[PDB]
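Tertiary structure, described
Here's the letter readout for the chains.
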Amino acid sequence: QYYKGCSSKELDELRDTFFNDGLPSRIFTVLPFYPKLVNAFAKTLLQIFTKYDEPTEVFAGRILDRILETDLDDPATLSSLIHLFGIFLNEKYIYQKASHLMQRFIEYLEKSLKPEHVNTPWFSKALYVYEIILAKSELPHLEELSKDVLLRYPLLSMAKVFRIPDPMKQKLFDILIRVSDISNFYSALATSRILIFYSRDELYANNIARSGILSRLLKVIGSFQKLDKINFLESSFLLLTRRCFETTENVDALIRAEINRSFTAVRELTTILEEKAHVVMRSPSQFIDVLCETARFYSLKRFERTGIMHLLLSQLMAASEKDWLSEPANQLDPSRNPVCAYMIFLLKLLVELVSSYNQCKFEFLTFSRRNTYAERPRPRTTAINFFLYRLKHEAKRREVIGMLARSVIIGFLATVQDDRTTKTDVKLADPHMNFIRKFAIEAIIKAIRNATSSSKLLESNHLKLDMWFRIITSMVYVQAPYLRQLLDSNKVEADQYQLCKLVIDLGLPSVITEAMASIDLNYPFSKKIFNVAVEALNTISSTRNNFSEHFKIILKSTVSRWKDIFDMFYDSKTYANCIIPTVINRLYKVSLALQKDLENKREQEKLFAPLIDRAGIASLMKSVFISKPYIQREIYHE
């Protein structure tokens, strides 16, 4: 039709002609112009080199040589080449034989990568490639056993991964940390992704926290609040901050509790490792130690200020000043207003951090607007007061922000779920927890007392008084919107009791009545204020009754965030067998004989006080003079 012939001989002739003269050698001069097609390019190129069986690692080395020759003044071509190299390295076949290529690329990154290139496009791509390496260089060491008897002679084997030299890793971390102001969204996302890996070590997390890179990432996320990809950066920053606040003892307790829960819920080691892969990733050494301490014997028997909190709180207060209620030009969606979405993200992060870690609570307590530094920071009411006072679409946004603030305060009052075990009614609260609870209760008491004094203050802040009564109701139940989701019920009763006790010990119920009686019952809002105050009193009384013996928007827990981190880089769940050898080298190597020997030895051997004061009773009976529907009276009867 068009050529000399159409038999497959002609097809092979044309294929050879194109391969010897065509795109296979012309890629470097056509690729930069079409970055969006880079992935496609890879595929096509692979196919070509798959037909002629030519080695692919050699072409990857050619790409790396072009990268090295390429100067830093041509960002487009360098970025495209680096992206193509990363795409090639992603395929496992090239990965198994690219070790020299990976080492050369790491050396080139050390030589060339500088913090001043953060805004350049290729920078981000470089980090991506580095991730492809680092993600595999951080895998647990695949050891070998030679002193144990195995029921199945062979074992699962995986291709040896490439381990970055430690000094190179440290140098790359130092280069990354010094990154100046960031203006490219993708560069910030890649930096956050890399820091997620780098923060697994406590010292690296401390360095990240002291560096202030989190402030630059926060600025980037705030600036690009209108981008559709901003959610990825939100999640990455949340995970990075959570890792930054984690400490060795906290992670150890979390993994111990998770292992105990898994045992309670004789299993097989493979299933346990696959199910709890993220736990292993968080700290393989500690997980192995805990498992060895617990289990014996593939079945196994049942046997210090940081500044992140200050940055987040200051950003929240600064954002609150700007108009976060007006809708944009051109159905309900609070996230439509960029300021509202920014503050929603800030409040979600604050809820998670304060409800998760004790140091978050401590830094929330001792916040200062001027960031005054002291050897021992002293408690301040700035954050608590800001949350209490400051915080149709406008009504929806206000309601959402109020729910988030209530969650923040309630979580601040709750106790961190560390070393979670069987619910224990210890009835003895940690001194720090009770101290912070007392501080918050006193702050709320002072706010209520001030608000109701004088008619002008009541007219001004009756809504704030209603919100405070709602809060004091919620805190006794220690439950708030998407807040109880992150509290372990094993310890929420102690919070549901100690807190209530504190309330009584602080004469809070009496304060409620005095505030209740301070209104004239002529304002239209008096009904709502009375209803909420009576609800708070009812909650306090009911909680007191439950413990009569003693008297007379998606949020996830820490382990869920660990699972998210695992899914971000190891989305297969089977990168857990790599730690089977060492476990066998620790438990099944010796306890197989020692424990079974013990079994053989055993076989051979066989062979109230007034809640309210006097005046408070009259303050309550004042409720009789308000005409209410019967549906609003049952609370009074109760």
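Residues numbered from 1 in each chain as written, not as in the entry; some residues may be left out. Part of a larger assembly, values for the part shown. Heavy atoms only, no water. Residues with missing side-chain atoms left out of burial classes, pairs and counts.

The deposited coordinates for this entry were obtained by cryo-EM, with a reported resolution of 2.8 Å.

Here we take up the pattern of salt bridges. According to the stated counting rule, one finds 27 salt bridges in the structure shown. Of the charged contacts in the structure, one is a salt bridge between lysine 276 and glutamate 258, with a shortest N-O distance of 2.6 Å. This pair shows no difference in class: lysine 276 is buried, exactly as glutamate 258 is. A salt bridge links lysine 501 to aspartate 505; the shortest N-O distance between them is 2.6 Å. You can see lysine 501 and its partner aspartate 505 sitting in helix α25 (residues 489-505), four residues apart, about one turn around the helix. The class for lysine 501 is partly exposed, based on a relative accessible area of 32%. Connected via shared salt-bridge partners are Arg242, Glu352, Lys556, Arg561 and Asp564. (Salt bridge = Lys/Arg side-chain N within 4 Å of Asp/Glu carboxyl O. Buried < 20%, exposed > 50% of the residue type's maximum accessible area, 1.4 Å probe, protein only. Helix = DSSP H or I, 4+ residues; strand = E, 2+ residues; numbered from the N terminus.)

Attention now goes to the nonpolar core. Within the largest apolar cluster, 209 residues are counted, with the highest numbers of intra-cluster contacts made by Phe364, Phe387 and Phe469. At 13 residues, the largest contribution of residues to this core is made by helix α19 (residues 338-356). In contact with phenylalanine 387, not counting residues within four places along its chain, are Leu313, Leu316, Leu347, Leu350, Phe364, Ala405 and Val408. (Core = buried A, V, L, I, M, F, W, Y, C linked by side-chain atoms within 4.5 Å. Contact = heavy atoms within 4.5 Å.)

Below, the discussion takes up the packing of aromatic side chains. In this structure the tally under the stated criterion is 27 aromatic pairs. Aromatic pair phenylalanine 364 and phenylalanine 412: ring centres 5.0 Å apart, planes at 40°, arrangement tilted. Judged on exposure class, the residue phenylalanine 364 and its partner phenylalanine 412 are both buried. Between the aromatic rings of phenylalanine 386 and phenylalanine 387, the centroid separation amounts to 5.4 Å while the plane-to-plane angle is 65°, which identifies the pairing as edge-to-face. Take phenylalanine 387: its relative accessible area is 5%, and that puts it in the buried class. Site record: aromatic cluster; members linked through ring pairs are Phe19, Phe28, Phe49, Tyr52, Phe59 and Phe88. Above the ring of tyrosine 636, the side-chain terminus of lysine 628 is found at 4.6 Å from the ring centroid. (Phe/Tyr/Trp six-rings, centres within 6.5 Å; stacked < 30°, edge-to-face > 60°. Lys NZ or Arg CZ within 6 Å of the ring centre and 35° of its normal.)

With that settled, consider the side chain of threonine 582. By the secondary structure assignment, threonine 582 is in helix α29 (residues 580-588). For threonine 582, a relative accessible area of 11% corresponds to the buried category. Of the polar contacts made by the side chain of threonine 582, one reaches the side chain of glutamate 143; its length is 3.3 Å. Apart from residues lying up to four places away in sequence, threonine 582 is in contact with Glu143 and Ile288. (Polar contact = N/O pair within 3.5 Å; in protein donor to acceptor, adjacent residues only side chain to side chain.)

On to helix α7 (residues 99-112). Taking 1.5 Å of rise per residue, the 14 residues of α7 would be expected to cover 20 Å, and the 20 Å separating its terminal C-alpha atoms lies within 8% of that figure. Within α7, the full set of buried residues consists of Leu101, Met102, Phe105, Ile106, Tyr108, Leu109 and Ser112. An end-on view of α7 places all buried positions within 165° of arc, on one side of the element. Those residues of α7 that are buried lie in contact with α4 (56-69), α5 (75-90), α6 (92-96), α8 (121-137) and α9 (166-177). (Expected span 1.5 Å × (residues − 1). Arc of directions from axis to C-beta.)

With that settled, consider helix α17 (residues 284-294). Taken across its eleven residues, α17 has eight buried, putting it largely inside the fold. Along α17, the residues classified as buried are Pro284, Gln286, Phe287, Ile288, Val290, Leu291, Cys292 and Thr294. Residues of α17 that are buried in the fold lie against α14 (248-264), α15 (269-275), α16 (277-282), β2 (299-300) and α29.

The next subject is the packing of helix α23 (residues 431-452) against α25. The relative placement of two packed helices is expressed as an angle between their axes plus a distance between the axes. At their nearest, the axes of α23 and α25 sit 10 Å apart, and the two run at 50° to each other. Considering their axes alone, α23 and α25 lie oblique with respect to each other. Crossing handedness for the pair α23 and α25: right-handed. Each of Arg437, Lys438 and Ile441 in α23 lies in contact with α25, whose residues at this interface are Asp495, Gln498, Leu499, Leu502 and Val503. Considered class by class, the residues forming the contact of α23 with α25 number four nonpolar, one polar and three charged. (Axes fitted to C-alpha atoms, helices over the stretch in contact; angles between N-to-C directions. Parallel < 35°, antiparallel > 145°, perpendicular 65-115°, else oblique. Left-handed = near helix turned anticlockwise from the far one by under 90°. Nonpolar A, V, L, I, M, F, W, Y, C, P; charged D, E, K, R; others polar.)

Moving on, we come to unusual backbone geometry. It is generally the case that most residues other than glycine have a negative phi and that most peptide bonds are trans. The phi angle at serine 454 is positive, at roughly 70°, despite the residue not being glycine. With respect to the helices and strands, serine 454 occurs in the loop between α23 and α24 (455-477). At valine 478, a position not held by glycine, the phi torsion is positive, near 40°.

Attention now goes to a nonpolar patch on the surface. Taken together, the side chains of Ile617, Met621, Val624 and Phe625 make up a nonpolar region of the molecular surface, amounting to roughly 470 Å² of accessible area. Examined against the element boundaries, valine 624 turns out to sit in the loop between α31 (614-621) and α32 (634-637). The class of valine 624 is exposed, set by a relative accessible area of 55%. (Patch = residues over 30% accessible without salt bridge, like charges linked within 9 Å, V, L, I, M, F, W, Y side chains within 5 Å. Areas by Shrake-Rupley, 256 points an atom, 1.4 Å probe, with all protein chains shown as cover.)

Viewed as axis vectors pointing N to C, α8 and α9 meet at an angle of 150°, and their least axial separation amounts to 13 Å. For the element pair α8 and α9, the recorded crossing hand is left-handed. Residues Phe123, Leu127, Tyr130 and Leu134 of α8 touch α9, and the partners they reach there are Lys169, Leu172 and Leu176. By residue class, the composition of the contact of α8 with α9 is six nonpolar, no polar and one charged.

Attention now moves to the environment of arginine 178. Take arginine 178: it is sitting in the loop between α9 and α10 (185-198). According to the relative accessible area criterion, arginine 178 is exposed, its value standing at 52%.

Here we take up the state of the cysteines. Under the counting rule described, the total for this entry stands at zero disulfides. Here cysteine 360 stays free of any disulfide, with the sulfur of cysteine 244 as its closest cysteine sulfur at 11 Å. (Disulfide = S-S within 2.5 Å.)

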